Amino acid sequence: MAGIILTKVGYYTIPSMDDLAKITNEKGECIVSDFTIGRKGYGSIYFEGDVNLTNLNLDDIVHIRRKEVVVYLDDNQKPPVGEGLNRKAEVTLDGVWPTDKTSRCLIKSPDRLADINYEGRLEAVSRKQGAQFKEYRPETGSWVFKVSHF
Amino acid sequence: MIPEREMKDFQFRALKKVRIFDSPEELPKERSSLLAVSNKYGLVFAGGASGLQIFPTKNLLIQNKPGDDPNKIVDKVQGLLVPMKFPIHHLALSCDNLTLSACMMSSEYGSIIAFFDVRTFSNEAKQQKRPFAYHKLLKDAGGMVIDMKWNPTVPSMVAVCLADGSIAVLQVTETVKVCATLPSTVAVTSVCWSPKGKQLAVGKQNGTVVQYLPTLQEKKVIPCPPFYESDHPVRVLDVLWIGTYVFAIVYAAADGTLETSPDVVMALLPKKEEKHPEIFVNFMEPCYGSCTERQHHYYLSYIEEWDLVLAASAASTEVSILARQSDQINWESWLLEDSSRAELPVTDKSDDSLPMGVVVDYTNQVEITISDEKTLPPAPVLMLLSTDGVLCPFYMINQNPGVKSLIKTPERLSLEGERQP
Amino acid sequence: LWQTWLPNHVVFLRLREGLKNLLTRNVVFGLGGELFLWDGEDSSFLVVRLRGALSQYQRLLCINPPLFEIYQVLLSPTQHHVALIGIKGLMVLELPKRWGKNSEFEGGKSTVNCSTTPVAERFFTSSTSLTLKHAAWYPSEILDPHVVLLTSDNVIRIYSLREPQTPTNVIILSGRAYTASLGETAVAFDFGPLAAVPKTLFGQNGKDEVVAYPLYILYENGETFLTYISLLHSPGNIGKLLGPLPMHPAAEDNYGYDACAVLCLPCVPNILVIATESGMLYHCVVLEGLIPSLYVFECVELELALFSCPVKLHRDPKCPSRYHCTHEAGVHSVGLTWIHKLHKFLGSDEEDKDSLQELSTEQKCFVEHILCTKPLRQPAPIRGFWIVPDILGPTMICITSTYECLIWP
């Protein structure tokens, strides 16, 4: 591969890592628009616009977990806002459901989720973290929200 | 290009080689550091896959007599075996010489650091020598200690760096306190205390060396040297902080490749009252690499009174020297005569043995018997533990003018204050 | 009678003039016939004698003052130490000795120096963003004083004053990331009353009964946990954490989120009060199971008894069936008149739940808005709340945002 490192199981990119290789130009620079990095079954991060993936170690930078995501583990190794992956992005986290305090089961029923207005809860959880809620899909518990940077 | 100099006033003089552990089945590949030395009390600590072994240092040192085969390995020498349930990859000793740390990997349980009170080794009334405290790194594979260093002046303080990139500063008294940690995304590859022990320097995957207070509050960044391109990106493999503005820094290919060979780089830093850039001098491969199978690792140490650096490497059968010049600023390789070098032997199966641990004794009191008739005063002894389980001692004779004897007489270890499990 | 002249005491002028120059605030505590008022600007206590003049008071100085703001003060069970509780630290002050016919501190000197000791100082400086969420004393009146600290890392640590930098016990309950489980973190805890428990509960043996205190832990999302603490027999790292306690009966809104305060009333079976930022108060019976469950006997909406503010809960020293709630709108008193109907044998089986349900349909708690702090412009929370226990009638002291001393009744 021409610079990019991604080996953690379950992770992928759109375009695929193989496609990113061929996109690399004569001077070895990988610039792509609308790039996505995801982990099958847990979520993904969509970066609208052009980004320079040249010599980025995505294994060390991007971390997608259940109901959680991290980009750049420490602030010291983080580039300024607008450069690298520290920029505007749309995050999707899957398997996001509340737990019934009586049965201790996950609440996946759309009607039940509308009863407790889980969507409004996720709007609040987004603002409190500096993000803007976008939508929620009960069938898969997909919580989509935009972030100004990481 | 690389500065070099025939040195006829320094020789390494081999003592008999002494077998410590039995030869392994395979070549040990992983980064490891398995020799420690108490220069206060005259003990050596050796570790492997197969237990921990403690010796009075003078028992390991045996001089060649005329007539003797200097290549014949002594089979064993009396010391103490402390059984260990798992293999050891790192051993180190605190600056008061009372805490030995032993790092182990268990396939079942992952990594643990055992801490031994060194008096327990001397406690005749304990048939079993147990550590008094453990520290469990929740981690399994990424929990391998890849660098671990006690503070040169704060006896309770130790810095530990793991394979996953995380780092921690520990306080070990009667128990283990985590004082500071930095998570894996910081990407630490190596670690080293300032001379007085007031800051910690950490090497990093991105090629930089960051300085820190022991609280891990960041103080100064040394950038990745300008001569490395973007399409040949590197990582600090090892670091030695020599003086406030002086470091030895080893770079290796960022990606982990073993084929490329590491560069030892001397770095001089500017001051607040200077706006000079950093001066780097690439001495490159002073320990010539015959092996591309092992994880890279330079064993570096500074001997102030001699103003020089000893260097060994996991990929090399040879120990090298970088000395400061009369100049007092710049460095040069010392090129020594054929029969005065420090090299690990060829194994009886005709392969090269390589270093797993390196230490220097300063408690040696015996005089070097040169001829039948000539005798020189005691010298420090370089000791290498090899991949074959053989210990390789060499007197370091520095006949350069003005060098003062470094020998320091050892003391008796009193069991007073021994910590208990 | 001090109920008459206390609001005119100069200490409130002093504190009021200190204004002109998050945790819920409580800058006052009472001891004997004395009232203690924390003066943030001078880092000292102003002590007014209520029993036995408007200008007279003692100043108890910190020999080593805290540099972080003190939000809450909390007298120890043995009453020899005061916890100075802030967001960025905790400091313990040792009270001086008394002597003289009036039992004044050190014979009635105008100023008395008090020894202080910081607690868990490492955790608040090493991790800059680490904050204190809740703190209390270990309830024992016999053992050395121990403070219990819940920090923003979702960990509870217990410290002896003999070793204020090294926890005796740690309870891992399990910000760089974007997370949906933002409420899976503890915001408060409260100890229940003394209980005798089998020594086997802590892994030791003998079929012998030991002293322990139930520790109830409240998550922001409303979930509750329970563990029993014995300073002697509990392990250094406590892992026998029970919960989340199932909450019965099933509620359409799942009892919401945004829980902010918890109180264990001193009764058997234990009864928990859970308060939310929206003004919801849940009265939960702890039913024995090995995991117990909660039966929400009733719910009270303070928004109806008069709302997005932090709510603080206070026990009543006289009656286990009464507690008080402080918020930006003032003080509410809540009387659970049905507490005395629940017997000690109650369990968590179906017939017990049905009996509790049937009983809740014919029983209701008494809620009263006793003090109103609502402004004319932006509402402000109170700074102090204390119930002076007198058997002839409890007197309540409430210090407003402007250090006005309201007394009720």
# chains A, B, ... in the order shown; residues from 1 in each chain; ligands from 1
>>> residues_around(residues="segment 125-142 of chain B", least_positions_apart="5", cutoff="7 Å", atoms="only C-alpha atoms", output="list in words")
residues 82, 109, 110, 111, 112, 113, 114, 115, 116, 117, 120, 162, 163, 164, 175, 176, 419, 420 and 421 of chain B
>>> write_last_selection(atoms="C-alpha atoms", output="CSV table (one decimal), in the first residue's frame")
chain,number,residue,atom,x,y,z
B,82,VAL,CA,14.3,-18.5,41.9
B,109,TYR,CA,-3.1,-14.2,31.8
B,110,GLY,CA,-1.0,-11.7,29.8
B,111,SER,CA,1.8,-9.6,31.3
B,112,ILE,CA,2.8,-8.9,34.9
B,113,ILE,CA,5.6,-7.2,36.6
B,114,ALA,CA,6.8,-8.9,39.7
B,115,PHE,CA,8.7,-6.7,42.2
B,116,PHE,CA,11.3,-8.4,44.4
B,117,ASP,CA,12.8,-7.0,47.5
B,120,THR,CA,14.7,-11.5,50.2
B,162,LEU,CA,4.4,-1.3,26.6
B,163,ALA,CA,4.0,-2.7,23.1
B,164,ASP,CA,0.6,-1.1,22.5
B,175,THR,CA,3.1,-1.5,47.3
B,176,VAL,CA,2.6,-0.3,43.7
B,419,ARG,CA,9.3,-5.9,52.6
B,420,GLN,CA,7.0,-8.9,52.9
B,421,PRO,CA,4.4,-10.2,50.5
>>> residues_around(residues="residue 48 of chain A", least_positions_apart="6", cutoff="7 Å", atoms="only C-alpha atoms", output="ChimeraX atom specification")
/A:33-35,89
>>> write_last_selection(atoms="N, CA and C atoms", output="PDB file, in the first residue's frame")
ATOM      1  N   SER A  33     -12.396  12.342  -2.104  1.00  0.00           N
ATOM      2  CA  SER A  33     -13.554  13.095  -1.647  1.00  0.00           C
ATOM      3  C   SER A  33     -14.611  12.136  -1.115  1.00  0.00           C
ATOM      4  N   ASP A  34     -15.275  12.538  -0.029  1.00  0.00           N
ATOM      5  CA  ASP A  34     -16.365  11.760   0.556  1.00  0.00           C
ATOM      6  C   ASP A  34     -15.866  10.397   1.041  1.00  0.00           C
ATOM      7  N   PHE A  35     -14.756  10.419   1.774  1.00  0.00           N
ATOM      8  CA  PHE A  35     -14.144   9.202   2.287  1.00  0.00           C
ATOM      9  C   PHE A  35     -14.872   8.708   3.531  1.00  0.00           C
ATOM     10  N   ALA A  89     -17.211  15.902  10.139  1.00  0.00           N
ATOM     11  CA  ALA A  89     -17.468  14.508   9.821  1.00  0.00           C
ATOM     12  C   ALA A  89     -18.852  14.132  10.323  1.00  0.00           C
TER      13      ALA A  89
END
>>> interface_residues(of="chain A", to="chain C", cutoff="6 Å", atoms="only C-alpha atoms", output="VMD selection string")
chain A and resid 67 to 70 101 to 102 116
>>> interface_residues(of="chain B", to="chain C", cutoff="9 Å", atoms="only C-alpha atoms", output="list in words")
residues 177, 179, 180, 215, 216 and 217 of chain B
>>> interface_residues(of="chain B", to="chain A", cutoff="8 Å", atoms="only C-alpha atoms", output="VMD selection string")
chain B and resid 183 to 186
>>> residues_around(residues="segment 10-27 of chain A", least_positions_apart="2", cutoff="8 Å", atoms="only C-alpha atoms", output="count of residues only")
15
>>> residues_around(residues="residue 285 of chain C", least_positions_apart="2", cutoff="9 Å", atoms="only C-alpha atoms", output="number ranges by chain")
C: 269-272, 283, 287, 293-297
>>> atom_distance(atom1="atom CA of residue 44 of chain C", atom2="atom CA of residue 187 of chain C")
28.1 Å
>>> residues_around(residues="residue 236 of chain B", least_positions_apart="4", cutoff="6 Å", atoms="only C-alpha atoms", output="count of residues only")
5
>>> residues_around(residues="segment 99-103 of chain C", least_positions_apart="6", cutoff="12 Å", atoms="only C-alpha atoms", output="PDB file with N, CA and C atoms, in the first residue's frame")
ATOM      1  N   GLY C  32     -23.813  20.949  68.324  1.00  0.00           N
ATOM      2  CA  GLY C  32     -24.157  21.415  69.655  1.00  0.00           C
ATOM      3  C   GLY C  32     -25.143  22.558  69.549  1.00  0.00           C
ATOM      4  N   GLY C  33     -24.810  23.671  70.189  1.00  0.00           N
ATOM      5  CA  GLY C  33     -25.605  24.870  70.057  1.00  0.00           C
ATOM      6  C   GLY C  33     -24.917  25.903  69.190  1.00  0.00           C
ATOM      7  N   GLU C  34     -24.084  25.455  68.249  1.00  0.00           N
ATOM      8  CA  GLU C  34     -23.317  26.368  67.419  1.00  0.00           C
ATOM      9  C   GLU C  34     -23.643  26.158  65.946  1.00  0.00           C
ATOM     10  N   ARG C  49     -22.856  31.114  68.261  1.00  0.00           N
ATOM     11  CA  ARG C  49     -23.430  30.332  69.347  1.00  0.00           C
ATOM     12  C   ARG C  49     -24.925  30.618  69.430  1.00  0.00           C
ATOM     13  N   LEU C  50     -25.739  29.579  69.239  1.00  0.00           N
ATOM     14  CA  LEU C  50     -27.186  29.741  69.231  1.00  0.00           C
ATOM     15  C   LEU C  50     -27.806  29.637  70.618  1.00  0.00           C
ATOM     16  N   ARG C  51     -27.241  28.817  71.500  1.00  0.00           N
ATOM     17  CA  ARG C  51     -27.791  28.581  72.826  1.00  0.00           C
ATOM     18  C   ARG C  51     -26.854  29.120  73.901  1.00  0.00           C
ATOM     19  N   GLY C  52     -27.327  29.066  75.142  1.00  0.00           N
ATOM     20  CA  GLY C  52     -26.546  29.513  76.280  1.00  0.00           C
ATOM     21  C   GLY C  52     -26.157  30.976  76.202  1.00  0.00           C
ATOM     22  N   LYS C 109     -11.178  32.528  72.244  1.00  0.00           N
ATOM     23  CA  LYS C 109     -10.374  33.420  71.418  1.00  0.00           C
ATOM     24  C   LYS C 109     -11.151  33.807  70.163  1.00  0.00           C
TER      25      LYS C 109
END
>>> select_by_dssp(residues="segment 10-127 of chain A", states="alpha helix (DSSP H)", output="PyMOL selection string")
chain A and resi 17-23+58-61+110-115+118-127
>>> write_last_selection(atoms="C-alpha atoms", output="PDB file, in the first residue's frame")
ATOM      1  CA  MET A  17      -8.027   0.081   0.683  1.00  0.00           C
ATOM      2  CA  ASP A  18      -7.215  -1.530  -2.671  1.00  0.00           C
ATOM      3  CA  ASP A  19      -9.021   1.296  -4.475  1.00  0.00           C
ATOM      4  CA  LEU A  20      -7.155   3.901  -2.414  1.00  0.00           C
ATOM      5  CA  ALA A  21      -3.871   2.354  -3.570  1.00  0.00           C
ATOM      6  CA  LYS A  22      -4.716   2.843  -7.249  1.00  0.00           C
ATOM      7  CA  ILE A  23      -5.922   6.392  -6.549  1.00  0.00           C
ATOM      8  CA  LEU A  58      -5.733   4.586  10.444  1.00  0.00           C
ATOM      9  CA  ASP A  59      -5.161   1.731  12.906  1.00  0.00           C
ATOM     10  CA  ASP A  60      -3.704   4.205  15.416  1.00  0.00           C
ATOM     11  CA  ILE A  61      -6.007   7.149  14.642  1.00  0.00           C
ATOM     12  CA  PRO A 110     -39.945   1.536  17.199  1.00  0.00           C
ATOM     13  CA  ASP A 111     -43.280   2.170  18.927  1.00  0.00           C
ATOM     14  CA  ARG A 112     -41.683   1.768  22.361  1.00  0.00           C
ATOM     15  CA  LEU A 113     -38.817   4.044  21.310  1.00  0.00           C
ATOM     16  CA  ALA A 114     -41.346   6.646  20.168  1.00  0.00           C
ATOM     17  CA  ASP A 115     -43.148   6.266  23.507  1.00  0.00           C
ATOM     18  CA  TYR A 118     -35.429   8.156  22.484  1.00  0.00           C
ATOM     19  CA  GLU A 119     -34.816  10.420  19.481  1.00  0.00           C
ATOM     20  CA  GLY A 120     -35.119  13.501  21.680  1.00  0.00           C
ATOM     21  CA  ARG A 121     -32.789  11.900  24.215  1.00  0.00           C
ATOM     22  CA  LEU A 122     -30.186  11.408  21.479  1.00  0.00           C
ATOM     23  CA  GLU A 123     -30.562  15.033  20.379  1.00  0.00           C
ATOM     24  CA  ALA A 124     -29.655  16.083  23.925  1.00  0.00           C
ATOM     25  CA  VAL A 125     -26.796  13.574  24.167  1.00  0.00           C
ATOM     26  CA  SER A 126     -25.433  15.064  20.936  1.00  0.00           C
ATOM     27  CA  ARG A 127     -25.557  18.735  21.955  1.00  0.00           C
TER      28      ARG A 127
END
>>> atom_distance(atom1="atom CA of residue 323 of chain B", atom2="atom CA of residue 307 of chain B")
6.2 Å
>>> residues_around(residues="segment 71-79 of chain B", least_positions_apart="3", cutoff="12 Å", atoms="only C-alpha atoms", output="VMD selection string")
chain B and resid 14 to 23 43 to 46 52 to 65 67 to 68 82 121 to 122 344 to 348 388 to 393
>>> write_last_selection(atoms="N, CA and C atoms", output="compact mmCIF listing (two decimals), in the first residue's frame")
# COMPACT_ATOMS: atom_id res chain seq x y z
N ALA B 14 38.76 -10.19 27.28
CA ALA B 14 37.81 -11.25 27.62
C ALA B 14 38.28 -12.05 28.83
N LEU B 15 37.33 -12.22 29.76
CA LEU B 15 37.39 -13.23 30.80
C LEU B 15 36.71 -14.49 30.28
N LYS B 16 36.83 -15.61 30.99
CA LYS B 16 36.17 -16.84 30.55
C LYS B 16 34.67 -16.61 30.37
N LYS B 17 34.07 -17.29 29.39
CA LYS B 17 32.63 -17.25 29.15
C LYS B 17 31.99 -18.23 30.07
N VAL B 18 30.85 -17.85 30.64
CA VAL B 18 30.19 -18.70 31.64
C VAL B 18 28.73 -18.99 31.31
N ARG B 19 28.39 -20.27 31.22
CA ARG B 19 27.03 -20.65 30.91
C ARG B 19 26.11 -20.43 32.10
N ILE B 20 24.99 -19.78 31.80
CA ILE B 20 24.01 -19.47 32.80
C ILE B 20 22.77 -20.29 32.56
N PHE B 21 22.22 -20.20 31.36
CA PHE B 21 21.07 -21.00 31.02
C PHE B 21 21.44 -21.93 29.91
N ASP B 22 20.64 -22.97 29.75
CA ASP B 22 20.85 -23.93 28.71
C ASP B 22 20.45 -23.33 27.40
N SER B 23 21.16 -23.72 26.38
CA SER B 23 20.95 -23.25 25.05
C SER B 23 19.50 -23.44 24.63
N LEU B 43 25.83 -7.90 43.09
CA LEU B 43 25.01 -8.98 42.62
C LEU B 43 24.73 -8.78 41.15
N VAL B 44 24.59 -9.89 40.44
CA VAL B 44 24.09 -9.85 39.07
C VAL B 44 22.77 -10.61 38.98
N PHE B 45 21.82 -10.05 38.23
CA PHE B 45 20.52 -10.71 38.03
C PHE B 45 20.32 -11.10 36.59
N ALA B 46 20.21 -12.40 36.35
CA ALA B 46 19.98 -12.94 35.01
C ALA B 46 18.62 -13.64 34.91
N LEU B 52 14.78 -17.17 37.23
CA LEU B 52 15.61 -16.03 37.50
C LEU B 52 16.80 -16.48 38.33
N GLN B 53 17.99 -16.01 37.98
CA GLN B 53 19.22 -16.42 38.63
C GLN B 53 20.05 -15.26 39.14
N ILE B 54 20.38 -15.32 40.43
CA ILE B 54 21.13 -14.26 41.09
C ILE B 54 22.53 -14.74 41.48
N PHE B 55 23.57 -13.98 41.15
CA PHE B 55 24.95 -14.36 41.52
C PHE B 55 25.66 -13.24 42.19
N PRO B 56 26.50 -13.56 43.17
CA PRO B 56 27.56 -12.64 43.53
C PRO B 56 28.40 -12.37 42.30
N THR B 57 28.63 -11.11 41.98
CA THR B 57 29.27 -10.77 40.74
C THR B 57 30.64 -11.47 40.61
N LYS B 58 31.47 -11.47 41.65
CA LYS B 58 32.82 -12.07 41.52
C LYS B 58 32.87 -13.56 41.15
N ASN B 59 31.79 -14.27 41.42
CA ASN B 59 31.63 -15.65 41.00
C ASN B 59 31.50 -15.82 39.50
N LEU B 60 30.97 -14.81 38.84
CA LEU B 60 30.81 -14.88 37.40
C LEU B 60 32.09 -14.48 36.71
N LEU B 61 33.01 -13.83 37.40
CA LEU B 61 34.23 -13.33 36.75
C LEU B 61 35.41 -14.25 36.98
N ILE B 62 35.87 -14.90 35.92
CA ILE B 62 37.03 -15.82 35.97
C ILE B 62 38.00 -15.48 34.84
N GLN B 63 39.25 -15.24 35.22
CA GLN B 63 40.26 -14.82 34.27
C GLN B 63 40.88 -16.01 33.60
N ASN B 64 41.21 -15.84 32.32
CA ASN B 64 42.01 -16.83 31.62
C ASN B 64 43.39 -16.97 32.28
N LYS B 65 43.84 -18.21 32.45
CA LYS B 65 45.21 -18.49 32.82
C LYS B 65 45.92 -18.87 31.53
N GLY B 67 47.71 -21.17 29.05
CA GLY B 67 47.48 -22.60 28.89
C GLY B 67 46.03 -22.88 28.56
N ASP B 68 45.11 -22.09 29.13
CA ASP B 68 43.68 -22.36 29.02
C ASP B 68 43.15 -21.95 27.66
N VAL B 82 15.67 -18.80 41.37
CA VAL B 82 14.35 -18.47 41.87
C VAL B 82 13.34 -18.92 40.81
N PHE B 121 16.33 -12.16 48.63
CA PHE B 121 17.29 -13.07 48.01
C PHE B 121 18.39 -13.47 48.97
N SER B 122 18.65 -12.63 49.95
CA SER B 122 19.69 -12.88 50.92
C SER B 122 19.15 -13.54 52.21
N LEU B 344 30.22 -11.31 20.77
CA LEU B 344 29.59 -12.53 21.23
C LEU B 344 30.08 -13.67 20.37
N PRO B 345 30.15 -14.86 20.96
CA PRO B 345 30.68 -15.97 20.24
C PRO B 345 29.72 -16.62 19.25
N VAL B 346 30.31 -17.47 18.41
CA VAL B 346 29.59 -18.40 17.57
C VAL B 346 29.15 -19.58 18.44
N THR B 347 27.91 -20.02 18.28
CA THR B 347 27.39 -21.12 19.06
C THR B 347 28.04 -22.38 18.52
N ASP B 348 27.99 -23.45 19.30
CA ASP B 348 28.63 -24.70 18.86
C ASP B 348 27.96 -25.25 17.57
N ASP B 388 22.28 -17.57 23.47
CA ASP B 388 22.61 -18.99 23.70
C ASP B 388 22.64 -19.31 25.20
N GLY B 389 22.43 -18.29 26.02
CA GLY B 389 22.45 -18.49 27.46
C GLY B 389 23.82 -18.37 28.09
N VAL B 390 24.77 -17.85 27.33
CA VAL B 390 26.14 -17.66 27.83
C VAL B 390 26.43 -16.21 28.23
N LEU B 391 27.10 -16.06 29.38
CA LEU B 391 27.52 -14.75 29.86
C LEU B 391 28.92 -14.47 29.36
N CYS B 392 29.13 -13.24 28.89
CA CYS B 392 30.35 -12.84 28.22
C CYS B 392 30.92 -11.62 28.86
N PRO B 393 31.89 -11.80 29.75
CA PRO B 393 32.53 -10.69 30.44
C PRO B 393 33.84 -10.20 29.79
